Amino acid sequence: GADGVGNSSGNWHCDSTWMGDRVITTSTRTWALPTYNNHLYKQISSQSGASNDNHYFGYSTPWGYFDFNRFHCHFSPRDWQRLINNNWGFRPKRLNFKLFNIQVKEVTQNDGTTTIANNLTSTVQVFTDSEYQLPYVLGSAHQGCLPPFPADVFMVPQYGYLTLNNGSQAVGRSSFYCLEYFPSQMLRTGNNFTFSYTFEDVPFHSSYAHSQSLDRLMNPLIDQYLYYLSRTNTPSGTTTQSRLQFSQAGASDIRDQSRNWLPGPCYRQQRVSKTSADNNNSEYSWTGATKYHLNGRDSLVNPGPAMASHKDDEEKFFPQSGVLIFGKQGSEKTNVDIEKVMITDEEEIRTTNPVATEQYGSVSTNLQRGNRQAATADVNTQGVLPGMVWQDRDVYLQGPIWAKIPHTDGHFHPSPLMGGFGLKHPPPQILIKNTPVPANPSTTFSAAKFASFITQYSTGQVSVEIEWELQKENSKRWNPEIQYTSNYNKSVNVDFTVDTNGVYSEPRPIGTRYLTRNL
Amino acid sequence: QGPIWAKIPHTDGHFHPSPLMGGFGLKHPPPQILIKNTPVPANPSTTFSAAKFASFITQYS
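Top line first, the protein sequences correspond to chains H and A.
Numbering of the first sequence is given in the deposited numbering, commencing with residue 217 and proceeding in unit increments.
Numbering of the second sequence is given in the deposited numbering, commencing with residue 614 and proceeding in unit increments.
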């Protein structure tokens, strides 16, 4: 840091600049940090009797952490539109981080009034691990983001983690991390903190949608030179006999043509409808779910593999867990009606990824003979096969930007299943805490742990700046594209704006896929 | 958990100075660090008196 109590440690920077090829964004927010857990660590675990699936064991810490991982932190609704309408892809490159204008307040709750005053000599300490030595919590899509709207103020969320358990009990291999055991940087009023970071090379995210379905790749005018088996028998006299005929596949045969490629893999979902009348009356929620089984307990696959949500001309149906779901403004935690949630749509991927609610295809179950008749069965789960292409899941406007790839001997197509960018060395976790200030010890000496501290909290401003790389488009498409538009009719409230009471709200999910490409 | 070192007494003779609780005998061990709060007197009387102050601001660090 630098200088005094009266001097300011940083300016407010929130802006976006568009350079053409690369592009740069900036934002600044205001935060407040409480003391958590009365300055002490605690182990936490599952509560008494619980399902074998719900057991957990871990620790909670006094430390907080910053999360900018959602897009809406970085991009405004309009800045989001020189991106998704004008471009075929984007990726991050490098970022900056800064804290400044730190001030610490102590509070006195005596009687029915609470007085608050500056504590000028108190400190707040911050570090960034950057060696990836801690359990990495970010990327699990928790709350506690920097707000989407720059004028809001937010608390910093508390930090904690989980470790191997058996039931509600720990195992010998289970690990315990003390955050005090790292070098950090102690800051007072008039001290600031910075670091900078560089993304590893990662593929552009695909903001295009395809103009060709994988099942139609070819010229309708010209027939193939390959033959397929067409008729298996022919009438002879009164009744048929076995005769094999072959054919070349034309535009009337398009079903039957040879191809060089296959659709992507599927792991199948249950289908439900937004119209309440079509759905069965029972509780199938947990029973009818698709799950995976790991170490004797069952977990839902909430996003699951990337698959189209519905087929043509059914907009009413979506996979049970297969989609992301966002809440509207002020929605509650539990048991809330469908009118409150916002359900995203995965469609444009129909052309490669198969629909999530249907089988991959059909396969032959048996060997035919004279007295046996051919039999097939549906394959509801398919792994990856050579010659198989697919697309990934869209990032939308608000959702995960990145995730940390687990450190393991093998992995396949690491792009993460919620969306965004898989990173082996992602942006490091930033951790922050209030330094404990003891209160009025006894006159005689005693060896005991202090239970008594001054009650205080801190606040300041944080800033983030990321540099993005863009991919422009050369398209010879003659006719116009599909663009993201706001409706021009009159309305009581404007979208993406404060209401009369001053609560900013986001009307609908906005994906990145509009501009079209050929497959 | 236990003694790292001890100070060997200053004497004309000693035998195998390694200390009996454990650890490292040292003739010049790490020196003692000593710390105190400076007394701040409180509100003396107007007329002069020669006496030792019994009254101080109550403070800690």
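Beta carbons: idealized from backbone N, C-alpha and C, even for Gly.
Applying the criterion that 16 or more other CB atoms from any shown protein chain within 10 Å of the CB defines a buried residue, is residue i buried or exposed?
{"i": "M523(H)", "result": "buried"}
{"i": "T414(H)", "result": "exposed"}
{"i": "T597(H)", "result": "exposed"}
{"i": "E562(H)", "result": "buried"}
{"i": "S679(H)", "result": "buried"}
{"i": "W618(A)", "result": "exposed"}
{"i": "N569(H)", "result": "buried"}
{"i": "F637(A)", "result": "exposed"}
{"i": "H526(H)", "result": "buried"}
{"i": "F669(A)", "result": "exposed"}
{"i": "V387(H)", "result": "exposed"}
{"i": "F661(H)", "result": "exposed"}
{"i": "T405(H)", "result": "buried"}
{"i": "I541(H)", "result": "exposed"}
{"i": "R389(H)", "result": "exposed"}
{"i": "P364(H)", "result": "buried"}
{"i": "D219(H)", "result": "exposed"}
{"i": "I554(H)", "result": "exposed"}
{"i": "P643(H)", "result": "buried"}
{"i": "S658(H)", "result": "exposed"}
{"i": "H358(H)", "result": "exposed"}
{"i": "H290(H)", "result": "buried"}
{"i": "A465(H)", "result": "buried"}
{"i": "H629(A)", "result": "exposed"}
{"i": "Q677(H)", "result": "buried"}
{"i": "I260(H)", "result": "exposed"}
Using beta-carbon positions only, say whether residue i and residue j come within less than 8 Å of one another.
{"i": "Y730(H)", "j": "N301(H)", "result": "yes"}
{"i": "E681(H)", "j": "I240(H)", "result": "yes"}
{"i": "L445(H)", "j": "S474(H)", "result": "no"}
{"i": "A593(H)", "j": "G538(H)", "result": "no"}
{"i": "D715(H)", "j": "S702(H)", "result": "no"}
{"i": "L256(H)", "j": "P278(H)", "result": "yes"}
{"i": "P535(H)", "j": "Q607(H)", "result": "no"}
{"i": "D269(H)", "j": "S501(H)", "result": "no"}
{"i": "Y275(H)", "j": "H641(H)", "result": "no"}
{"i": "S674(H)", "j": "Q319(H)", "result": "yes"}
{"i": "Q699(H)", "j": "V323(H)", "result": "no"}
{"i": "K649(H)", "j": "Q401(H)", "result": "no"}
{"i": "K549(H)", "j": "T410(H)", "result": "no"}
{"i": "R294(H)", "j": "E683(H)", "result": "no"}
Just to confirm the assignment, what range does the beta strand (DSSP E) spanning residue i have?
{"i": "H288(H)", "result": "Here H288(H) belongs to no beta strand (DSSP E); instead the alpha helix (DSSP H) covers 287-290."}
{"i": "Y281(H)", "result": "273-281"}
{"i": "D514(H)", "result": "513-516"}
{"i": "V353(H)", "result": "Element bounds for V353(H): n/a, residue is neither H nor E."}
{"i": "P535(H)", "result": "533-535"}
{"i": "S578(H)", "result": "577-580"}
{"i": "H509(H)", "result": "507-510"}
{"i": "residue 792(H)", "result": "Residue 792(H) is absent from the structure shown; chain H starts at 217 and stops at 735."}
{"i": "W684(H)", "result": "672-687"}
{"i": "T455(H)", "result": "455-458"}
{"i": "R238(H)", "result": "238-249"}
{"i": "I559(H)", "result": "557-559"}
{"i": "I646(H)", "result": "646-650"}
{"i": "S492(H)", "result": "Careful: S492(H) lies outside any beta strand (DSSP E) and carries neither H nor E."}
Measure the alpha-carbon distance for residue i versus residue j and round it to whole angstroms.
{"i": "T344(H)", "j": "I646(H)", "result": "5 Å"}
{"i": "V595(H)", "j": "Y576(H)", "result": "6 Å"}
{"i": "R588(H)", "j": "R471(H)", "result": "27 Å"}
{"i": "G543(H)", "j": "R432(H)", "result": "38 Å"}
{"i": "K532(H)", "j": "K321(H)", "result": "53 Å"}
{"i": "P723(H)", "j": "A590(H)", "result": "53 Å"}
{"i": "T732(H)", "j": "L430(H)", "result": "15 Å"}
{"i": "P622(A)", "j": "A655(A)", "result": "44 Å"}
{"i": "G635(A)", "j": "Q614(A)", "result": "11 Å"}
{"i": "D469(H)", "j": "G520(H)", "result": "35 Å"}
{"i": "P479(H)", "j": "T567(H)", "result": "9 Å"}
{"i": "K620(H)", "j": "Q374(H)", "result": "20 Å"}
{"i": "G265(H)", "j": "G383(H)", "result": "10 Å"}
{"i": "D439(H)", "j": "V605(H)", "result": "25 Å"}
{"i": "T339(H)", "j": "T651(A)", "result": "23 Å"}
{"i": "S631(A)", "j": "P616(A)", "result": "12 Å"}
{"i": "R585(H)", "j": "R447(H)", "result": "17 Å"}
{"i": "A664(H)", "j": "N254(H)", "result": "16 Å"}
Is residue i a contact residue of the ligand MN, with contact defined as CB to any heavy atom under 7 Å?
{"i": "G226(H)", "result": "As for the ligand MN, it is missing from this structure, which has no ligand bound."}
The segment 362-377 of chain H touching the segment 240-259 of chain H, judged by at least three CB pairs closer than 8 Å: Yes: the two stretches touch, three or more of their Cβ pairs being nearer than 8 Å.
Inter-stretch contact at 8 Å, needing at least 3 Cβ pairs: the segment 417-428 of chain H / the segment 304-312 of chain H: Counting Cβ pairs under 8 Å, three or more are found: they touch.
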